[PDB]
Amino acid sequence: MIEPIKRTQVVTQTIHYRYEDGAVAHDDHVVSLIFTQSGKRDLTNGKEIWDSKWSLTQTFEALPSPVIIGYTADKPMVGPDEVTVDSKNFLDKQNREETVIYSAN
């Protein structure tokens, strides 16, 4: 006798926008990718069974950098970035984070 169980991993991408002097050039851009694997639990002995070869990939779509008059971003566009979560390393954080710098043109 088994029952369904599940687990979720959330990976987020945080993009910072600053000027060379460190001044915030634009609000941060945050997005998330939610990964959920299904499994079963034995009602008799409590064993949780997960498919060892389970794997899922999703993509943080390309994120064009905001255009700011008078300056130019060192990274005109961020991503795309493919993130994969598998059963064997399910509990491992993979959040992305970077900063785009604007230099007076």
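Numbering starts at 1 and follows the sequence shown.
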For 64-72 versus 33-41, entry-based mean Cα B-factors point to 64-72
The stretch carrying the higher mean Cα B factor in the deposited entry, 45-53 or 22-30, is 22-30
In terms of its chain's C-alpha B-factors, the third that includes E82 is the lowest
On the chain's distribution of Cα B-factors, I2 falls within the third called highest
Quick tally, chain-level thirds of C-alpha B-factors: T8 sits in the lowest
